[PDB]
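One file, run.csv, is given below (CSV, C-alpha atoms).
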chain,number,residue,atom,x,y,z
A,1,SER,CA,0.0,0.0,0.0
A,2,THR,CA,0.9,3.7,-0.2
A,3,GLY,CA,-0.5,7.0,0.9
A,4,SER,CA,0.0,10.6,-0.3
A,5,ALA,CA,-1.3,13.7,1.5
A,6,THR,CA,-0.8,17.4,0.9
A,7,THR,CA,0.7,19.4,3.8
A,8,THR,CA,-0.1,23.1,4.0
A,9,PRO,CA,1.6,26.0,5.9
A,10,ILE,CA,-0.5,27.3,8.8
A,11,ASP,CA,0.4,30.9,8.1
A,12,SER,CA,2.4,33.2,5.9
A,13,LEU,CA,5.7,32.4,7.7
A,14,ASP,CA,5.5,28.6,7.4
A,15,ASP,CA,5.5,28.4,11.2
A,16,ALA,CA,4.2,24.8,10.9
A,17,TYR,CA,2.4,22.6,8.4
A,18,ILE,CA,-0.9,20.8,8.7
A,19,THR,CA,-2.0,17.6,7.0
A,20,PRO,CA,-5.5,16.3,6.9
A,21,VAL,CA,-6.0,13.0,8.7
A,22,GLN,CA,-9.2,10.8,8.8
A,23,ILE,CA,-10.0,9.4,12.2
A,24,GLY,CA,-12.9,7.0,13.0
A,25,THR,CA,-16.0,5.8,11.3
A,26,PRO,CA,-17.6,7.8,9.7
A,27,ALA,CA,-14.4,9.7,9.2
A,28,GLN,CA,-13.7,12.8,11.3
A,29,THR,CA,-11.0,14.9,9.5
A,30,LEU,CA,-8.6,16.7,11.7
A,31,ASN,CA,-5.6,18.8,10.5
A,32,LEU,CA,-2.5,17.4,12.3
A,33,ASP,CA,1.0,18.6,12.6
A,34,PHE,CA,3.2,15.8,11.3
A,35,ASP,CA,6.2,15.7,13.7
A,36,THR,CA,9.3,13.6,13.0
A,37,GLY,CA,10.6,14.8,16.4
A,38,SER,CA,7.9,13.0,18.5
A,39,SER,CA,6.0,9.8,18.6
A,40,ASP,CA,2.4,10.5,19.9
A,41,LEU,CA,-0.7,10.9,17.7
A,42,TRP,CA,-2.8,13.2,19.9
A,43,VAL,CA,-5.9,15.2,19.1
A,44,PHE,CA,-8.1,17.9,20.4
A,45,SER,CA,-11.3,16.0,21.4
A,46,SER,CA,-14.7,16.1,23.0
A,47,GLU,CA,-12.8,15.4,26.3
A,48,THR,CA,-10.6,18.5,26.1
A,49,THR,CA,-11.2,21.0,28.8
A,50,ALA,CA,-13.7,23.4,27.2
A,51,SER,CA,-11.8,26.6,28.1
A,52,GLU,CA,-8.7,25.2,26.4
A,53,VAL,CA,-10.5,24.7,23.0
A,54,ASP,CA,-10.5,27.8,20.7
A,55,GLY,CA,-11.5,27.1,17.1
A,56,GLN,CA,-9.9,23.6,16.7
A,57,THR,CA,-11.7,20.7,15.2
A,58,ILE,CA,-12.3,18.0,17.7
A,59,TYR,CA,-12.3,14.2,17.6
A,60,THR,CA,-15.5,12.8,19.3
A,61,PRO,CA,-14.8,9.1,19.9
A,62,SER,CA,-18.5,8.5,20.9
A,63,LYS,CA,-19.5,9.3,17.3
A,64,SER,CA,-17.0,6.7,15.9
A,65,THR,CA,-18.3,3.1,15.6
A,66,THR,CA,-14.7,1.8,15.4
A,67,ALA,CA,-13.4,3.7,18.5
A,68,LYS,CA,-12.5,1.7,21.6
A,69,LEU,CA,-11.2,3.0,24.8
A,70,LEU,CA,-7.8,1.7,25.6
A,71,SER,CA,-8.5,0.7,29.1
A,72,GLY,CA,-6.3,2.3,31.7
A,73,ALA,CA,-4.0,4.1,29.3
A,74,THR,CA,-3.0,7.7,29.7
A,75,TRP,CA,-0.4,9.9,28.1
A,76,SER,CA,1.4,13.1,28.9
A,77,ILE,CA,4.0,15.0,26.8
A,78,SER,CA,6.1,18.0,27.0
A,79,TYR,CA,7.8,19.5,23.9
A,80,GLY,CA,11.1,21.3,23.4
A,81,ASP,CA,9.3,24.6,23.1
A,82,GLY,CA,7.8,24.2,26.6
A,83,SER,CA,4.3,23.3,25.4
A,84,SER,CA,2.4,20.2,26.7
A,85,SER,CA,-0.7,18.1,26.6
A,86,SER,CA,-2.2,15.0,28.3
A,87,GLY,CA,-5.2,12.7,28.3
A,88,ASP,CA,-6.5,9.2,27.7
A,89,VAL,CA,-6.4,6.9,24.7
A,90,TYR,CA,-8.6,5.3,22.2
A,91,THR,CA,-7.8,2.9,19.3
A,92,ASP,CA,-9.5,3.7,16.0
A,93,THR,CA,-9.1,3.7,12.3
A,94,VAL,CA,-6.7,6.3,11.0
A,95,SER,CA,-6.1,7.2,7.3
A,96,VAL,CA,-3.6,9.5,5.8
A,97,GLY,CA,-3.8,10.2,2.1
A,98,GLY,CA,-5.5,6.9,1.3
A,99,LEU,CA,-3.3,4.8,3.6
A,100,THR,CA,-5.3,3.2,6.4
A,101,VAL,CA,-4.2,1.8,9.8
A,102,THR,CA,-6.8,0.0,12.0
A,103,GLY,CA,-6.2,-0.1,15.7
A,104,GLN,CA,-4.1,3.0,15.8
A,105,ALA,CA,-3.7,4.6,19.2
A,106,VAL,CA,-5.4,8.0,19.1
A,107,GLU,CA,-4.5,10.0,22.2
A,108,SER,CA,-7.4,12.2,23.3
A,109,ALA,CA,-6.4,15.4,25.0
A,110,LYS,CA,-8.1,16.2,28.3
A,111,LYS,CA,-5.6,19.1,28.8
A,112,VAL,CA,-3.5,21.2,26.5
A,113,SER,CA,-1.1,24.1,27.2
A,114,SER,CA,-1.8,27.7,26.2
A,115,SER,CA,0.2,27.6,23.0
A,116,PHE,CA,-2.0,24.8,21.6
A,117,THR,CA,-5.2,26.5,22.6
A,118,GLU,CA,-4.0,29.8,21.0
A,119,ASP,CA,-3.3,28.1,17.6
A,120,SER,CA,-6.6,27.5,16.0
A,121,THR,CA,-5.1,25.8,12.9
A,122,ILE,CA,-3.6,22.8,14.6
A,123,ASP,CA,-6.0,20.0,15.7
A,124,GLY,CA,-3.2,17.8,17.1
A,125,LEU,CA,0.1,16.1,16.3
A,126,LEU,CA,1.0,13.0,14.4
A,127,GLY,CA,4.3,11.7,15.6
A,128,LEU,CA,6.8,10.2,13.2
A,129,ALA,CA,9.8,9.6,15.3
A,130,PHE,CA,10.6,6.2,16.7
A,131,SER,CA,7.9,4.5,18.9
A,132,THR,CA,10.4,4.2,21.8
A,133,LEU,CA,9.5,7.9,22.5
A,134,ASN,CA,5.7,7.2,22.7
A,135,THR,CA,4.4,8.4,26.1
A,136,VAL,CA,1.4,6.1,26.5
A,137,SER,CA,1.4,4.4,29.9
A,138,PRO,CA,1.4,1.6,31.1
A,139,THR,CA,1.6,0.1,27.6
A,140,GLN,CA,3.6,2.1,25.0
A,141,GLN,CA,1.9,2.5,21.7
A,142,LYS,CA,3.2,2.5,18.1
A,143,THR,CA,3.3,5.4,15.7
A,144,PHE,CA,1.1,5.5,12.6
A,145,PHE,CA,4.2,4.8,10.4
A,146,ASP,CA,5.3,1.9,12.6
A,147,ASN,CA,1.8,0.4,12.4
A,148,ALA,CA,1.7,0.9,8.6
A,149,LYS,CA,5.2,-0.2,7.8
A,150,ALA,CA,4.8,-3.9,7.0
A,151,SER,CA,1.9,-3.1,4.6
A,152,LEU,CA,3.8,-0.4,2.7
A,153,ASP,CA,5.3,-1.1,-0.7
A,154,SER,CA,8.6,0.1,0.8
A,155,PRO,CA,9.1,0.9,4.5
A,156,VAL,CA,9.6,4.7,4.0
A,157,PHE,CA,7.9,8.0,4.2
A,158,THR,CA,9.0,11.3,2.6
A,159,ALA,CA,8.7,14.9,3.5
A,160,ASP,CA,8.5,17.5,0.8
A,161,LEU,CA,7.7,20.8,2.6
A,162,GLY,CA,7.0,23.9,0.6
A,163,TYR,CA,8.4,27.4,1.0
A,164,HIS,CA,5.3,29.6,1.4
A,165,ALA,CA,3.4,26.9,-0.4
A,166,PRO,CA,1.9,23.4,0.1
A,167,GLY,CA,4.0,20.3,-0.1
A,168,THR,CA,3.6,16.6,0.3
A,169,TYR,CA,4.0,13.7,2.7
A,170,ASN,CA,4.2,10.3,1.0
A,171,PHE,CA,4.1,6.9,2.6
A,172,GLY,CA,5.5,3.7,1.1
A,173,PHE,CA,7.1,5.1,-2.1
A,174,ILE,CA,9.6,7.6,-3.4
A,175,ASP,CA,8.2,10.0,-6.0
A,176,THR,CA,11.2,10.2,-8.4
A,177,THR,CA,9.6,13.3,-10.1
A,178,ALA,CA,9.7,15.3,-6.8
A,179,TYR,CA,13.4,16.1,-6.7
A,180,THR,CA,16.4,16.9,-8.9
A,181,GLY,CA,19.6,14.9,-9.1
A,182,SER,CA,20.1,12.0,-6.8
A,183,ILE,CA,19.1,11.3,-3.2
A,184,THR,CA,22.1,11.0,-0.8
A,185,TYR,CA,21.6,8.7,2.1
A,186,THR,CA,23.2,9.1,5.5
A,187,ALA,CA,23.4,7.0,8.7
A,188,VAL,CA,20.8,7.4,11.5
A,189,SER,CA,21.2,6.8,15.2
A,190,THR,CA,17.9,5.8,16.9
A,191,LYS,CA,19.5,5.8,20.4
A,192,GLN,CA,17.6,8.9,21.5
A,193,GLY,CA,14.4,7.9,19.6
A,194,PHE,CA,14.9,10.6,16.9
A,195,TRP,CA,15.9,10.7,13.2
A,196,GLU,CA,19.4,11.7,14.3
A,197,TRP,CA,22.2,12.1,11.8
A,198,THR,CA,25.5,13.9,11.2
A,199,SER,CA,25.8,16.7,8.7
A,200,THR,CA,29.2,17.0,7.0
A,201,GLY,CA,29.4,20.8,7.3
A,202,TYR,CA,28.2,24.1,6.1
A,203,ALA,CA,28.7,27.2,4.0
A,204,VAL,CA,27.4,30.8,4.4
A,205,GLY,CA,26.3,32.4,1.1
A,206,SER,CA,28.9,32.0,-1.6
A,207,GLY,CA,31.6,31.3,1.1
A,208,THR,CA,33.8,28.3,1.3
A,209,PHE,CA,32.4,25.1,2.7
A,210,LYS,CA,33.6,24.2,6.2
A,211,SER,CA,33.9,20.5,6.7
A,212,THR,CA,32.8,19.7,10.2
A,213,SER,CA,30.5,17.1,11.8
A,214,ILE,CA,27.2,18.4,13.1
A,215,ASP,CA,25.0,15.9,14.8
A,216,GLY,CA,21.4,16.8,14.8
A,217,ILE,CA,17.8,15.6,14.3
A,218,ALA,CA,15.5,15.9,11.2
A,219,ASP,CA,12.5,17.4,12.8
A,220,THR,CA,9.5,18.5,10.8
A,221,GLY,CA,7.7,19.7,14.0
A,222,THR,CA,10.3,22.4,14.7
A,223,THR,CA,10.0,25.6,12.7
A,224,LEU,CA,13.6,26.8,12.7
A,225,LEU,CA,17.2,25.6,12.1
A,226,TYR,CA,19.1,25.3,15.4
A,227,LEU,CA,22.8,24.8,15.1
A,228,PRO,CA,26.0,25.3,17.2
A,229,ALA,CA,26.7,28.9,18.3
A,230,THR,CA,29.9,29.0,16.2
A,231,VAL,CA,28.0,28.2,13.0
A,232,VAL,CA,25.1,30.6,13.8
A,233,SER,CA,27.5,33.4,14.6
A,234,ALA,CA,29.3,32.9,11.3
A,235,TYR,CA,26.0,33.1,9.4
A,236,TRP,CA,24.7,36.3,11.1
A,237,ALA,CA,28.1,38.0,10.8
A,238,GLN,CA,27.3,38.2,7.1
A,239,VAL,CA,24.2,40.3,7.7
A,240,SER,CA,24.7,44.0,8.5
A,241,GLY,CA,23.1,45.0,11.7
A,242,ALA,CA,22.2,41.4,12.8
A,243,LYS,CA,22.6,40.7,16.5
A,244,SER,CA,21.7,38.2,19.2
A,245,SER,CA,19.0,39.8,21.4
A,246,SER,CA,18.5,38.3,24.8
A,247,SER,CA,15.2,40.2,25.2
A,248,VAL,CA,13.7,38.9,22.0
A,249,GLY,CA,15.2,35.4,22.4
A,250,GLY,CA,17.6,35.0,19.5
A,251,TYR,CA,19.2,36.6,16.5
A,252,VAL,CA,17.3,39.5,14.9
A,253,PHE,CA,18.2,41.4,11.8
A,254,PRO,CA,17.1,44.6,10.0
A,255,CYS,CA,14.1,43.8,7.9
A,256,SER,CA,15.7,45.8,5.1
A,257,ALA,CA,18.5,43.2,4.8
A,258,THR,CA,19.0,40.7,2.0
A,259,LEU,CA,19.9,37.4,3.7
A,260,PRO,CA,22.6,35.1,2.4
A,261,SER,CA,21.9,31.4,1.7
A,262,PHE,CA,23.0,28.7,4.0
A,263,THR,CA,24.3,25.4,2.8
A,264,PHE,CA,24.5,22.1,4.8
A,265,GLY,CA,26.3,18.9,3.9
A,266,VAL,CA,24.8,15.5,3.5
A,267,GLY,CA,27.8,13.3,2.8
A,268,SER,CA,29.5,14.8,-0.2
A,269,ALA,CA,26.2,16.4,-1.3
A,270,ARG,CA,25.0,19.9,-0.5
A,271,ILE,CA,21.6,21.3,0.3
A,272,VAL,CA,21.2,25.1,-0.2
A,273,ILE,CA,18.7,27.0,1.9
A,274,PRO,CA,17.9,30.3,0.1
A,275,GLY,CA,18.2,33.4,2.2
A,276,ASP,CA,14.5,34.2,2.0
A,277,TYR,CA,13.8,30.9,3.8
A,278,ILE,CA,15.6,32.4,6.8
A,279,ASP,CA,13.4,35.4,7.2
A,280,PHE,CA,10.7,35.0,9.9
A,281,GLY,CA,9.5,38.6,9.7
A,282,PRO,CA,8.9,41.4,12.2
A,283,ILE,CA,9.5,40.5,15.9
A,284,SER,CA,6.2,42.3,16.6
A,285,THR,CA,3.7,43.8,14.3
A,286,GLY,CA,5.1,46.9,12.6
A,287,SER,CA,8.6,46.4,13.8
A,288,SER,CA,11.6,46.9,11.4
A,289,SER,CA,13.5,44.2,13.4
A,290,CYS,CA,13.0,40.7,11.9
A,291,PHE,CA,13.5,37.3,13.5
A,292,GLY,CA,16.1,35.0,12.1
A,293,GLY,CA,15.4,31.5,10.9
A,294,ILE,CA,18.8,30.1,12.0
A,295,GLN,CA,19.3,30.2,15.8
A,296,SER,CA,21.7,28.8,18.3
A,297,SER,CA,21.1,25.3,19.7
A,298,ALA,CA,23.2,26.1,22.8
A,299,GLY,CA,21.1,25.2,25.8
A,300,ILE,CA,18.7,23.0,23.8
A,301,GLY,CA,21.2,20.1,24.1
A,302,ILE,CA,20.8,19.0,20.5
A,303,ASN,CA,21.0,20.5,17.0
A,304,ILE,CA,17.7,20.6,15.1
A,305,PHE,CA,17.3,20.5,11.3
A,306,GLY,CA,13.8,21.9,11.5
A,307,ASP,CA,11.5,23.1,8.7
A,308,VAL,CA,13.9,25.9,7.5
A,309,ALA,CA,16.3,23.2,6.5
A,310,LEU,CA,14.0,20.4,5.6
A,311,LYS,CA,11.9,22.5,3.2
A,312,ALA,CA,15.0,23.1,1.0
A,313,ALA,CA,15.1,19.3,0.4
A,314,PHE,CA,13.2,16.2,-0.6
A,315,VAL,CA,13.7,14.1,2.6
A,316,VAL,CA,13.4,10.3,2.8
A,317,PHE,CA,12.8,8.8,6.2
A,318,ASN,CA,13.8,5.2,5.5
A,319,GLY,CA,12.4,2.9,8.1
A,320,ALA,CA,14.2,-0.3,7.0
A,321,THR,CA,15.6,-2.6,9.6
A,322,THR,CA,18.6,-0.2,9.8
A,323,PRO,CA,17.0,3.2,9.3
A,324,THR,CA,18.7,5.9,7.2
A,325,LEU,CA,17.8,9.4,6.0
A,326,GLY,CA,18.0,10.6,2.4
A,327,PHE,CA,18.2,14.2,1.1
A,328,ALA,CA,17.8,15.5,-2.4
A,329,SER,CA,17.7,19.0,-3.8
A,330,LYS,CA,14.4,19.9,-5.5

Take the structure in this file and express it as structure tokens.
Amino acid sequence: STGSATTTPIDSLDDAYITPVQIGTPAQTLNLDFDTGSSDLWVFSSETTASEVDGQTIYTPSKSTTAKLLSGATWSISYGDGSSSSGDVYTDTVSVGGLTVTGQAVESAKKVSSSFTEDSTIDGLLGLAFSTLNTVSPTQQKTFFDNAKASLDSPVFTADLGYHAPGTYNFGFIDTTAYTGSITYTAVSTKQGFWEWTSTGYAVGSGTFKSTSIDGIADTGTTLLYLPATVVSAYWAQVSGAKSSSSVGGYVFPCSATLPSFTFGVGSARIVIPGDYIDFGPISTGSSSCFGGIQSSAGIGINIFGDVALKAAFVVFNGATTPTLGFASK
């Protein structure tokens, strides 16, 4: 089997991407944030504290003839950005772009933190990291991909995120028309539960490539590119007037600037992030100070190849017995 679904930016900045997901019978379609940095499929629901729902579409398990309470199961998650959610668990039928999994754990939120409530466009998350990170207790549950894998034509999914435009998540096949050149594959460590890999280096603008190993995670659920402070300083040093602002919480730059590109290495291959992808607009409405899309990972504890990086590539998440990651230009 295969599936193919369009993923759409939530706003004009590409702060996140939403993908429609069918849950239950008859289908209830929710727009979920596909997150290769976590492993829970959780949704706003009829059980969510009413004051914490503001415009989201909810899953109502009582209206699904295929929903079954997973007795005794609870979940609770906290994300790298400080947000969180928790609740109980149903199993139900879940379909993404024509690919159907029966008996998928659908984690129903009883509580969500403010940042989720405040984002009306995201109805929940669909985790695509390794199932070892799944938070369901006392019986850990499998991700949608893990459940689908054996049925797929090939045990892979691909992320093709757009810049200021829709893109695609495919399951079970590589669309060879979706990228240019060849796909370069690179080793993955699953020891922390992430799609963790090592970039071979970077360049700033038309500058020379610096060969250096940069361990990090491919994370569709993180907006920005978080890299070591040395690398980030080298980038922003090429932007007149850019500075790290402790009050804002990162590098800012004059909105009048033209940003240089940023290149990262995948083996001997190179992925070029155009400068415009690195502009996240005014820090507050009407400001002429703009927020940068490349930020320091210092104090996160890990480097994160988030959407800023991934959207410059066609990315293969290869879930073979020994997983790997592939990157192609597009």

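Minimum atom-to-atom distance to residue 288 (chain A), evaluated using only C-alpha atoms, belongs to A:253 out of A:314, A:90, A:253, A:75.
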
Pick from A:292, A:155, A:249, A:167: nearest to residue 8 (chain A), with only C-alpha atoms counted?
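Closest to residue 8 (chain A) of all the choices is A:167.
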
Neighbours of point (17.3, 0.2, 14.7) within 10 Å, using all atoms listed in the file, written as a PyMOL selection string | chain A and resi 130+188-191+193+319-324

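Those residues that approach residue 291 (chain A) to within 6 Å, counting all atoms listed in the file, are residues 252, 280, 281 and 283 of chain A; same-chain residues fewer than 2 positions away are not listed.
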
Measuring atom to atom with all atoms listed in the file, identify which of A:151, A:236, A:318, A:2 is nearest to residue 293 (chain A).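 Counting all atoms listed in the file, the residue closest to residue 293 (chain A) is A:236.
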
* **Separation of CA of residue 19 (chain A) from CA of residue 262 (chain A) in Å** =>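 CA of residue 19 (chain A) lies 27.5 Å from CA of residue 262 (chain A).
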
Separating CA of residue 34 (chain A) from CA of residue 77 (chain A), to the nearest tenth of an Å, is a gap of 15.5 Å

### Task
Find the residues near residue 260 (chain A): any atom within 7 Å, counting all atoms listed in the file, skip ones fewer than 2 places away on the same chain, and give them as an MDAnalysis selection string.
chainID A and resid 204:205 258 262 275

Do you know which residues are at most 10 Å from residue 240 (chain A) counting only C-alpha atoms, after dropping those on the same chain fewer than 2 positions away, and could you put them as a PDB file with C-alpha atoms, keeping the file's coordinate frame?
ATOM      1  CA  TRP A 236      24.700  36.300  11.100  1.00  0.00           C
ATOM      2  CA  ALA A 237      28.100  38.000  10.800  1.00  0.00           C
ATOM      3  CA  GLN A 238      27.300  38.200   7.100  1.00  0.00           C
ATOM      4  CA  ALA A 242      22.200  41.400  12.800  1.00  0.00           C
ATOM      5  CA  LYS A 243      22.600  40.700  16.500  1.00  0.00           C
ATOM      6  CA  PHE A 253      18.200  41.400  11.800  1.00  0.00           C
ATOM      7  CA  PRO A 254      17.100  44.600  10.000  1.00  0.00           C
ATOM      8  CA  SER A 256      15.700  45.800   5.100  1.00  0.00           C
ATOM      9  CA  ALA A 257      18.500  43.200   4.800  1.00  0.00           C
ATOM     10  CA  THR A 258      19.000  40.700   2.000  1.00  0.00           C
ATOM     11  CA  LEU A 259      19.900  37.400   3.700  1.00  0.00           C
TER      12      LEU A 259
END

Just want the 8 Å neighbourhood of region 66-70 of chain A, counted on only C-alpha atoms, with same-chain residues fewer than 3 positions away dropped. Output as a PDB file with C-alpha atoms, keeping the file's coordinate frame.
ATOM      1  CA  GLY A  24     -12.900   7.000  13.000  1.00  0.00           C
ATOM      2  CA  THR A  25     -16.000   5.800  11.300  1.00  0.00           C
ATOM      3  CA  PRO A  61     -14.800   9.100  19.900  1.00  0.00           C
ATOM      4  CA  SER A  62     -18.500   8.500  20.900  1.00  0.00           C
ATOM      5  CA  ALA A  73      -4.000   4.100  29.300  1.00  0.00           C
ATOM      6  CA  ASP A  88      -6.500   9.200  27.700  1.00  0.00           C
ATOM      7  CA  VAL A  89      -6.400   6.900  24.700  1.00  0.00           C
ATOM      8  CA  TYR A  90      -8.600   5.300  22.200  1.00  0.00           C
ATOM      9  CA  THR A  91      -7.800   2.900  19.300  1.00  0.00           C
ATOM     10  CA  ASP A  92      -9.500   3.700  16.000  1.00  0.00           C
ATOM     11  CA  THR A  93      -9.100   3.700  12.300  1.00  0.00           C
TER      12      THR A  93
END

Among the residues A:290, A:122, A:105, A:313, the one that comes closest to residue 74 (chain A) [using only C-alpha atoms]:
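The closest residue to residue 74 (chain A) is A:105.
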